[PDB]
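Working notes, beginning with the structure itself.
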Amino acid sequence: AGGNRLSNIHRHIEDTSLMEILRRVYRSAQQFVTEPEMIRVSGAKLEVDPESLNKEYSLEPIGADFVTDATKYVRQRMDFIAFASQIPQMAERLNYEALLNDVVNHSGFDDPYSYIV
Amino acid sequence: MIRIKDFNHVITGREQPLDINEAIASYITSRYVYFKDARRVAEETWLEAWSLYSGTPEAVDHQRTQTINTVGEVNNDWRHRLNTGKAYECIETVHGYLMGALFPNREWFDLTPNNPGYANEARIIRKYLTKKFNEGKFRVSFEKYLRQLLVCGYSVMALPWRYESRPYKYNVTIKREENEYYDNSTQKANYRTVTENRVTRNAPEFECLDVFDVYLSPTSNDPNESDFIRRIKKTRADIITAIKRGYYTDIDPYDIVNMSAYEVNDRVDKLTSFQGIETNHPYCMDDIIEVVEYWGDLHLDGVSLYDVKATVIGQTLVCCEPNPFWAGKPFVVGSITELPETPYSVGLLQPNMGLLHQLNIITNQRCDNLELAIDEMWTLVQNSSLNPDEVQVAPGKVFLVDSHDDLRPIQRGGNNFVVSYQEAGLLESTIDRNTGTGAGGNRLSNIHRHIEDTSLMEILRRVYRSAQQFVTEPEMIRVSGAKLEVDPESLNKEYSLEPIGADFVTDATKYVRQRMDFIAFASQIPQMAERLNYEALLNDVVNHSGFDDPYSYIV
Amino acid sequence: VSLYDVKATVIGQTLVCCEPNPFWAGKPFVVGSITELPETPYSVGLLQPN
Amino acid sequence: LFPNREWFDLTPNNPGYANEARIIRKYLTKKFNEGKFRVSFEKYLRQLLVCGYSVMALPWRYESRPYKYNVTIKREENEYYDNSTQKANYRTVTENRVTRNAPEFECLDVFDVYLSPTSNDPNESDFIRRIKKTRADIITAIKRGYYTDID
Amino acid sequence: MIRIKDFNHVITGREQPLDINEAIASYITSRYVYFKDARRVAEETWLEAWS
């Protein structure tokens, strides 16, 4: 009822204002911020054109539900591994390399590959 | 003179028309006039539904002009111009439920290939469509589209790869700013001049079109296969660009300046006045021209052309060609409650519009009577001592009179407001009970299923077919995360994809669960456990587990 | 002549700046709406119907 | 909209751009924290709810770009003032500072922002803005060469 | 005199305006006036909502 109405309004506002602001901000940052300035502002240790900016250096902004999306992504793999590992003939036939790589990359860490030897 | 053999044509007579361009222009004009004339009552119903939905003094003024037709010979000249917002809240509740059902999460659609050997291409096309939808702001356009559909019972959406929506390159010469910080020696003339290749569009990829500007055939029963007539606002700059590109051929670039100006529809004017913006112009930018765009069949005198796109500027045919889209016209028509003889359906308001008007009338009449029923009044009779300038209320005031009955409060009669309140409550209950916003879940699920099957899935079908037709392998790989000769015949049979909504997760879960249960039953007994094709079982499970690159998980 | 996607600055009936849009993402202004109508850029607020 | 301070994420379309996506996300988070984005968004949303229409101006506008300057000041190198504390004996220094003349994120007024009446997309319409700009800012713009046709 | 070739431009007529700066200034002023005048009722609605 009221929750439904407010959820619809929140969806519309997030899709129209917040995501548009995010899009404008990161595209302007990509246009105007250099590599040394960016790594010096942020915690860390560039030639583009408008055509390629929409093609390969494109980012898609999402709200606070990224934790839920990553949780679903990781849970799909965990359920698949749990089903496959119980049966020996299929347990030997999994690519744990790719499985662990996807899990660590979508586990929500800031430096995920630092946890892989 | 268009080449008739270039079209899907049927020779219906011995003599073909002399000048096919004027013949087609006259046919299109006559069809447009007929479509406008046969839809007169429906447009009035849509406009009064919009007036009921929107709450403004102008909307109330428009509503009070329709109550004679809708409710009947009743009095509606109350000095109260209040609106209850009942239609507004019904539309918003249904809209919120439908948004929640149609886009519950970000993976709201899936493309299942019909040929199992087309899975990689299906996944790549799905990623391309997700990127396309995110870039084209599809959700906002679909929100407008659904609001219009729920209010009017009929809506239209234009999809990308239209001529006005194709992106184009251009050159810009600009002063590039290289430093974040401005110093005391900051001069703009000393900046490096840079010529940049930029890409832009002149029209949105996904657009919600106006029902007062989109016309369908009155005798057609399938809205998506009906003849399509659209009125387009195109600038002289756009027409010059089209002529230079060669899309418009029979019109003069320096006569389009003297070409007739755009005329705004009266219904659109009233709809905008409802919001409070005067689209009526002291000047209309002096730049907008009316364009008549026709999709469908031309039944002329001596020849009939099938599935054509035509463009007319005024009374002259500037474009005429076979439909360049293999999936049909890039316009999707959406309906709520389809009737067996009309292409326009019934909206959520239309069954309840008389009740909405009656509720507004009852509320206004009750307010008019109540404003008079509240005031406390007194009566003073002539006497010798109590003057009318001494009769005022004070705590404990003593009136020095000669008779106790000189000043007396006025006794008001019994007010008949309880019946008005009861009838207003009954009307509100009836409106919520007819709309389905209470059962109610069943009504909303039926509406959601119809909308998903009619509008969203048709949009998905047309968009992925147009992507397969117009998008090349290299740019598709560039757009999607990844590391082509087809024809309309094979397109529907081997390279065919089935679009489904958010229930693909449930489908994959069921598909995996059947195999899981079968394996669990078979593995408990050694005699049957040794006869299982684990290669096939694992392959199907990993392919239907919902991964993006499922074969990367198999050694 | 028709110019597309330009930034212009005017100080009292004189044009003091006119250039192509220097932003690849479009203008740095974001317009927010609540209930978008099919023919208006201005939407419906929460107080407007009431 | 803001249940926690990790209220947004940037997912790259190309899987080879994940590191740069993370750097851009961190840069955007720090910029949002510094530019007082939340208060501006509260004002923006309040205006949007009241009117049904609101406008927000984002950074990298000319009036919001940072600039450097020099100031000559007396640094206080001692924590406690004694009976022989004299400001004239302090160390005179010239410090290089950075600042802005306009906020990076600003909620604009709907009575000062105008759009095209016949446009359907509010974010793709013609934009007209009325700006209160000081003569000092106009002098700075003319000196920097951004304004060329006024004295 | 701004350079037209620097813009995303479309030539719509045979004769370009004599003074492009004044032409653009007049166009912007007319557009501002039109936008302000076409929005008078909505501005009343907004001020009423604020009140």
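In the structure tokens, each chain is lettered A, B, ... as it comes, each chain's residues begin at 1, and ligands are numbered from 1 in order of appearance.
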Report as JSON, numbers by chain all protein, DNA and RNA residues lying within 10 Å of stretch 477-482 of chain B, evaluated on only C-alpha atoms, omitting residues in the same chain fewer than 5 positions from it. {"A": [52, 54, 55, 56, 57, 58], "B": [123, 124, 125, 126, 127, 128, 129, 130, 131, 132, 472, 548, 549], "D": [12, 13, 14, 15, 16]}
From chain A, collect each residue whose DSSP state is strand (DSSP E or B) and return the set as number ranges by chain. A: 59-62, 94
Spatial neighbours of residue D:26, 12 Å, only C-alpha atoms, chain gap at least 3 places, as an MDAnalysis selection string: (chainID A and resid 26 29 38:44 110) or (chainID D and resid 6 8:10 19:23 29:33)
Based on only C-alpha atoms, which of the residues in chain C come within 9 Å of chain B? I want them as number ranges by chain. C: 1-2, 19-22, 24, 35-40, 42-44, 48-50
Can you list, as a PyMOL selection string, every protein, DNA or RNA residue that comes within 10 Å of residue A:33 when you count only C-alpha atoms, leaving out same-chain residues fewer than 2 positions away? (chain A and resi 26-31+35-39+46) or (chain B and resi 178-180) or (chain D and resi 24+27)
Spatial neighbours of residue B:492, max dist 10 Å, only C-alpha atoms, sep filter under 2 positions, as a PyMOL selection string: chain B and resi 114+326-327+465+487-490+494-497
Could you pull out the helix (DSSP H, G or I) residues of chain A from DSSP and send them as a short mmCIF file (atom, residue, chain, number, x, y, z; two decimals) with N, CA, C and O atoms, in the first residue's frame?
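Written out: result21.cif:
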data_model
loop_
_atom_site.label_atom_id
_atom_site.label_comp_id
_atom_site.auth_asym_id
_atom_site.auth_seq_id
_atom_site.Cartn_x
_atom_site.Cartn_y
_atom_site.Cartn_z
N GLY A 2 0.98 1.89 1.17
CA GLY A 2 1.86 3.03 1.29
C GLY A 2 3.31 2.68 1.02
O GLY A 2 4.04 3.44 0.39
N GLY A 3 3.73 1.50 1.48
CA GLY A 3 5.06 1.02 1.15
C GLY A 3 5.25 0.86 -0.35
O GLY A 3 6.30 1.19 -0.89
N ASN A 4 4.22 0.36 -1.03
CA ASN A 4 4.28 0.21 -2.48
C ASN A 4 4.42 1.57 -3.17
O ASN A 4 5.23 1.74 -4.09
N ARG A 5 3.61 2.54 -2.75
CA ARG A 5 3.67 3.87 -3.34
C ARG A 5 5.04 4.51 -3.14
O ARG A 5 5.64 5.04 -4.09
N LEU A 6 5.55 4.46 -1.91
CA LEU A 6 6.86 5.04 -1.63
C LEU A 6 7.98 4.29 -2.33
O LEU A 6 8.96 4.91 -2.75
N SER A 7 7.86 2.97 -2.48
CA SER A 7 8.86 2.22 -3.22
C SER A 7 8.86 2.59 -4.69
O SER A 7 9.93 2.71 -5.30
N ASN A 8 7.68 2.78 -5.29
CA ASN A 8 7.63 3.23 -6.68
C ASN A 8 8.26 4.61 -6.83
O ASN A 8 9.03 4.85 -7.77
N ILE A 9 7.95 5.53 -5.91
CA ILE A 9 8.55 6.86 -5.96
C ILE A 9 10.06 6.77 -5.81
O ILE A 9 10.81 7.48 -6.51
N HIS A 10 10.55 5.92 -4.90
CA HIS A 10 11.99 5.79 -4.69
C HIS A 10 12.68 5.20 -5.91
O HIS A 10 13.76 5.65 -6.29
N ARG A 11 12.07 4.18 -6.53
CA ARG A 11 12.59 3.65 -7.78
C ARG A 11 12.70 4.73 -8.85
O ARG A 11 13.74 4.87 -9.50
N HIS A 12 11.63 5.51 -9.03
CA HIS A 12 11.65 6.55 -10.05
C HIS A 12 12.72 7.59 -9.77
O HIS A 12 13.46 8.00 -10.67
N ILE A 13 12.82 8.04 -8.51
CA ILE A 13 13.81 9.05 -8.17
C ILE A 13 15.22 8.52 -8.34
O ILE A 13 16.08 9.21 -8.89
N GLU A 14 15.49 7.29 -7.90
CA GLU A 14 16.81 6.71 -8.07
C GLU A 14 17.17 6.60 -9.55
O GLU A 14 18.30 6.91 -9.94
N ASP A 15 16.23 6.17 -10.38
CA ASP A 15 16.53 5.99 -11.80
C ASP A 15 16.68 7.32 -12.53
O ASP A 15 17.44 7.42 -13.50
N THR A 16 15.97 8.36 -12.08
CA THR A 16 15.95 9.62 -12.81
C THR A 16 17.01 10.61 -12.34
O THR A 16 17.69 11.22 -13.17
N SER A 17 17.16 10.79 -11.03
CA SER A 17 18.04 11.82 -10.48
C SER A 17 19.39 11.27 -10.03
O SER A 17 20.43 11.74 -10.50
N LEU A 18 19.39 10.29 -9.13
CA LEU A 18 20.64 9.83 -8.53
C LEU A 18 21.54 9.15 -9.56
O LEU A 18 22.74 9.46 -9.62
N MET A 19 21.00 8.24 -10.36
CA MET A 19 21.81 7.58 -11.38
C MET A 19 22.25 8.53 -12.49
O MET A 19 23.37 8.40 -12.98
N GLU A 20 21.40 9.49 -12.88
CA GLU A 20 21.83 10.49 -13.84
C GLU A 20 22.97 11.34 -13.30
O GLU A 20 23.94 11.63 -14.02
N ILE A 21 22.88 11.75 -12.03
CA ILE A 21 23.96 12.50 -11.41
C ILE A 21 25.23 11.66 -11.39
O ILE A 21 26.31 12.15 -11.74
N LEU A 22 25.13 10.39 -11.01
CA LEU A 22 26.30 9.52 -10.99
C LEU A 22 26.93 9.40 -12.38
O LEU A 22 28.16 9.47 -12.51
N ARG A 23 26.10 9.23 -13.41
CA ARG A 23 26.61 9.12 -14.77
C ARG A 23 27.36 10.38 -15.18
O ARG A 23 28.51 10.30 -15.64
N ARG A 24 26.73 11.54 -15.02
CA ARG A 24 27.40 12.79 -15.34
C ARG A 24 28.70 12.94 -14.57
O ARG A 24 29.71 13.35 -15.16
N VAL A 25 28.71 12.59 -13.28
CA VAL A 25 29.91 12.77 -12.48
C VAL A 25 31.05 11.87 -12.95
O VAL A 25 32.18 12.34 -13.10
N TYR A 26 30.81 10.57 -13.20
CA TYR A 26 31.99 9.77 -13.53
C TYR A 26 32.44 10.05 -14.96
O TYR A 26 33.64 9.96 -15.25
N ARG A 27 31.52 10.39 -15.86
CA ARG A 27 31.97 10.77 -17.20
C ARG A 27 32.77 12.07 -17.17
O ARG A 27 33.81 12.17 -17.84
N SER A 28 32.34 13.06 -16.39
CA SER A 28 33.12 14.28 -16.25
C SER A 28 34.46 14.02 -15.59
O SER A 28 35.46 14.65 -15.95
N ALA A 29 34.50 13.12 -14.60
CA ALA A 29 35.77 12.76 -13.97
C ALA A 29 36.71 12.09 -14.97
O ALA A 29 37.90 12.41 -15.00
N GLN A 30 36.20 11.17 -15.78
CA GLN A 30 37.01 10.55 -16.82
C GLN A 30 37.51 11.58 -17.82
O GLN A 30 38.63 11.46 -18.33
N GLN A 31 36.70 12.61 -18.11
CA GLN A 31 37.12 13.62 -19.07
C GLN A 31 38.16 14.58 -18.50
O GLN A 31 39.10 14.95 -19.22
N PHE A 32 38.03 14.99 -17.24
CA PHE A 32 38.81 16.10 -16.71
C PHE A 32 39.88 15.72 -15.70
O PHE A 32 40.71 16.57 -15.35
N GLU A 35 45.45 10.71 -14.59
CA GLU A 35 45.85 9.52 -13.84
C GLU A 35 46.61 9.88 -12.55
O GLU A 35 46.25 9.36 -11.48
N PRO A 36 47.65 10.72 -12.60
CA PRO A 36 48.34 11.05 -11.34
C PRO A 36 47.45 11.76 -10.35
O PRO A 36 47.47 11.43 -9.16
N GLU A 37 46.63 12.72 -10.80
CA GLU A 37 45.73 13.41 -9.89
C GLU A 37 44.72 12.45 -9.28
O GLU A 37 44.44 12.52 -8.08
N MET A 38 44.18 11.53 -10.08
CA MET A 38 43.20 10.59 -9.54
C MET A 38 43.81 9.63 -8.53
O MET A 38 43.24 9.41 -7.46
N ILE A 39 44.98 9.06 -8.84
CA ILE A 39 45.60 8.14 -7.89
C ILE A 39 46.13 8.88 -6.67
O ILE A 39 46.36 8.28 -5.62
N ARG A 40 46.35 10.19 -6.79
CA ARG A 40 46.85 10.96 -5.66
C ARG A 40 45.70 11.37 -4.74
O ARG A 40 45.85 11.42 -3.52
N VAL A 41 44.54 11.66 -5.33
CA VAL A 41 43.33 11.92 -4.54
C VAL A 41 42.85 10.65 -3.84
O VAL A 41 42.60 10.66 -2.63
N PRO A 50 35.11 10.43 -27.10
CA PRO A 50 33.68 10.21 -26.78
C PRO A 50 33.10 8.93 -27.38
O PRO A 50 32.18 8.36 -26.79
N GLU A 51 33.59 8.48 -28.53
CA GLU A 51 33.07 7.25 -29.13
C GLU A 51 33.40 6.02 -28.29
O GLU A 51 32.51 5.22 -27.99
N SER A 52 34.67 5.86 -27.91
CA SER A 52 35.08 4.72 -27.11
C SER A 52 34.62 4.82 -25.66
O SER A 52 34.53 3.79 -24.98
N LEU A 53 34.33 6.04 -25.20
CA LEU A 53 33.84 6.25 -23.84
C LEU A 53 32.50 5.56 -23.61
O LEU A 53 32.23 5.09 -22.50
N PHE A 66 23.79 -3.10 -4.76
CA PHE A 66 24.96 -3.82 -5.26
C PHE A 66 25.39 -4.93 -4.32
O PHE A 66 25.88 -5.97 -4.79
N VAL A 67 25.20 -4.75 -3.01
CA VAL A 67 25.50 -5.83 -2.08
C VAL A 67 24.58 -7.03 -2.34
O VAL A 67 25.03 -8.18 -2.33
N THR A 68 23.29 -6.77 -2.59
CA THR A 68 22.37 -7.86 -2.89
C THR A 68 22.72 -8.54 -4.21
O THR A 68 22.67 -9.77 -4.31
N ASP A 69 23.09 -7.76 -5.22
CA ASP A 69 23.48 -8.35 -6.50
C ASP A 69 24.73 -9.22 -6.36
O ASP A 69 24.76 -10.34 -6.90
N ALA A 70 25.74 -8.73 -5.65
CA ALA A 70 26.95 -9.53 -5.44
C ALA A 70 26.65 -10.77 -4.61
O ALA A 70 27.22 -11.84 -4.85
N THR A 71 25.76 -10.65 -3.62
CA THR A 71 25.38 -11.80 -2.81
C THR A 71 24.70 -12.87 -3.66
O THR A 71 24.99 -14.06 -3.52
N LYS A 72 23.79 -12.45 -4.55
CA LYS A 72 23.15 -13.41 -5.45
C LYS A 72 24.17 -14.06 -6.39
O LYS A 72 24.12 -15.27 -6.63
N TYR A 73 25.09 -13.25 -6.92
CA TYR A 73 26.12 -13.78 -7.82
C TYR A 73 26.96 -14.83 -7.11
O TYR A 73 27.24 -15.90 -7.68
N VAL A 74 27.38 -14.55 -5.88
CA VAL A 74 28.21 -15.50 -5.14
C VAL A 74 27.40 -16.73 -4.74
O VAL A 74 27.91 -17.86 -4.73
N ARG A 75 26.12 -16.54 -4.39
CA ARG A 75 25.29 -17.65 -3.95
C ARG A 75 25.01 -18.62 -5.09
O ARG A 75 24.91 -19.83 -4.86
N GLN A 76 24.87 -18.12 -6.32
CA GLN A 76 24.72 -19.02 -7.45
C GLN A 76 25.89 -19.98 -7.55
O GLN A 76 25.71 -21.21 -7.65
N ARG A 77 27.12 -19.45 -7.49
CA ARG A 77 28.31 -20.28 -7.54
C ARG A 77 28.43 -21.20 -6.34
O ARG A 77 28.83 -22.36 -6.50
N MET A 78 28.10 -20.72 -5.14
CA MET A 78 28.19 -21.59 -3.97
C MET A 78 27.21 -22.76 -4.07
O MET A 78 27.57 -23.89 -3.74
N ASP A 79 25.98 -22.50 -4.52
CA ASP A 79 25.02 -23.58 -4.70
C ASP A 79 25.47 -24.57 -5.76
O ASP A 79 25.34 -25.78 -5.57
N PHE A 80 26.01 -24.07 -6.88
CA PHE A 80 26.50 -24.97 -7.92
C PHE A 80 27.64 -25.85 -7.40
O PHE A 80 27.66 -27.06 -7.64
N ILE A 81 28.58 -25.25 -6.67
CA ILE A 81 29.70 -26.02 -6.13
C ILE A 81 29.22 -27.03 -5.10
O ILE A 81 29.69 -28.17 -5.06
N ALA A 82 28.27 -26.63 -4.24
CA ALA A 82 27.74 -27.55 -3.24
C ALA A 82 27.04 -28.73 -3.88
O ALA A 82 27.16 -29.86 -3.39
N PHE A 83 26.28 -28.50 -4.95
CA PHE A 83 25.66 -29.61 -5.65
C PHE A 83 26.69 -30.51 -6.32
O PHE A 83 26.59 -31.74 -6.24
N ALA A 84 27.69 -29.92 -6.97
CA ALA A 84 28.63 -30.71 -7.77
C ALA A 84 29.62 -31.49 -6.91
O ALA A 84 30.03 -32.59 -7.30
N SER A 85 30.03 -30.94 -5.76
CA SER A 85 31.10 -31.56 -4.99
C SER A 85 30.67 -32.83 -4.27
O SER A 85 31.53 -33.65 -3.94
N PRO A 88 31.32 -37.57 -6.75
CA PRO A 88 32.76 -37.57 -7.06
C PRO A 88 33.10 -37.43 -8.54
O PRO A 88 34.08 -36.76 -8.88
N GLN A 89 32.31 -38.05 -9.42
CA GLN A 89 32.65 -38.02 -10.84
C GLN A 89 32.47 -36.64 -11.44
O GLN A 89 33.18 -36.27 -12.38
N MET A 90 31.53 -35.86 -10.91
CA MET A 90 31.39 -34.47 -11.35
C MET A 90 32.22 -33.51 -10.50
O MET A 90 32.53 -32.41 -10.98
N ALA A 91 32.58 -33.90 -9.28
CA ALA A 91 33.40 -33.03 -8.44
C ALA A 91 34.79 -32.81 -9.04
O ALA A 91 35.38 -31.74 -8.86
N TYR A 96 37.83 -24.90 -10.47
CA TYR A 96 37.91 -24.10 -9.25
C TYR A 96 38.72 -22.83 -9.44
O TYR A 96 38.49 -21.86 -8.72
N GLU A 97 39.67 -22.81 -10.39
CA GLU A 97 40.34 -21.57 -10.73
C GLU A 97 39.34 -20.47 -11.06
O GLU A 97 39.29 -19.43 -10.38
N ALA A 98 38.51 -20.69 -12.09
CA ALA A 98 37.54 -19.68 -12.49
C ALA A 98 36.49 -19.45 -11.42
O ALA A 98 36.05 -18.31 -11.20
N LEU A 99 36.06 -20.52 -10.73
CA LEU A 99 35.08 -20.35 -9.67
C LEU A 99 35.59 -19.41 -8.57
O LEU A 99 34.91 -18.44 -8.23
N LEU A 100 36.79 -19.68 -8.04
CA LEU A 100 37.34 -18.84 -6.99
C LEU A 100 37.63 -17.43 -7.49
O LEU A 100 37.44 -16.46 -6.75
N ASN A 101 38.10 -17.30 -8.74
CA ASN A 101 38.35 -15.97 -9.28
C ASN A 101 37.07 -15.14 -9.33
O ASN A 101 37.06 -13.99 -8.89
N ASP A 102 35.98 -15.71 -9.86
CA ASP A 102 34.73 -14.97 -9.89
C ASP A 102 34.21 -14.67 -8.49
O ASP A 102 33.72 -13.56 -8.24
N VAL A 103 34.32 -15.63 -7.57
CA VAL A 103 33.84 -15.39 -6.21
C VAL A 103 34.61 -14.25 -5.55
O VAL A 103 34.02 -13.37 -4.92
N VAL A 104 35.94 -14.24 -5.68
CA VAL A 104 36.73 -13.19 -5.03
C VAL A 104 36.50 -11.85 -5.71
O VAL A 104 36.47 -10.80 -5.04
N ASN A 105 36.34 -11.83 -7.03
CA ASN A 105 36.08 -10.57 -7.72
C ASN A 105 34.70 -10.01 -7.42
O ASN A 105 34.51 -8.79 -7.49
N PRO A 112 40.64 -7.37 -4.46
CA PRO A 112 40.29 -8.79 -4.30
C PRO A 112 41.45 -9.73 -4.60
O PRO A 112 41.62 -10.75 -3.93
N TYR A 113 42.25 -9.41 -5.61
CA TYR A 113 43.35 -10.27 -6.02
C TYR A 113 44.50 -10.28 -5.02
O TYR A 113 45.41 -11.11 -5.16
N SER A 114 44.49 -9.40 -4.02
CA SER A 114 45.47 -9.47 -2.96
C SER A 114 45.23 -10.66 -2.03
O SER A 114 46.13 -11.02 -1.27
N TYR A 115 44.05 -11.27 -2.09
CA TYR A 115 43.73 -12.44 -1.30
C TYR A 115 44.04 -13.75 -2.01
O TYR A 115 43.79 -14.82 -1.45
#
Proximity of chain E to chain B: per-residue shortest pair, 7 Å limit, only C-alpha atoms, as a tab-separated table:
residue	atom	partner	partner_atom	distance
E:6	CA	B:173	CA	4.6
E:7	CA	B:172	CA	5.5
E:8	CA	B:170	CA	6.4
E:10	CA	B:237	CA	6.1
E:12	CA	B:237	CA	5.8
E:13	CA	B:254	CA	6.6
E:38	CA	B:278	CA	4.9
E:39	CA	B:277	CA	5.3
E:41	CA	B:276	CA	5.1
E:42	CA	B:276	CA	5.0
What would the file look like if the residues just selected were written as an mmCIF file, in the first residue's frame with C-alpha atoms?
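Final file, selection_26.cif:
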data_model
loop_
_atom_site.group_PDB
_atom_site.id
_atom_site.type_symbol
_atom_site.label_atom_id
_atom_site.label_comp_id
_atom_site.auth_asym_id
_atom_site.auth_seq_id
_atom_site.Cartn_x
_atom_site.Cartn_y
_atom_site.Cartn_z
ATOM 1 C CA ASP E 6 33.677 24.920 -34.714
ATOM 2 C CA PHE E 7 30.073 23.915 -33.938
ATOM 3 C CA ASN E 8 27.746 21.042 -34.755
ATOM 4 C CA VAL E 10 23.415 22.709 -40.098
ATOM 5 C CA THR E 12 19.374 25.941 -43.219
ATOM 6 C CA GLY E 13 19.397 28.973 -45.523
ATOM 7 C CA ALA E 38 4.730 29.915 -20.989
ATOM 8 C CA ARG E 39 5.299 28.806 -17.371
ATOM 9 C CA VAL E 41 0.569 29.077 -14.208
ATOM 10 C CA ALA E 42 3.042 26.395 -13.109
#
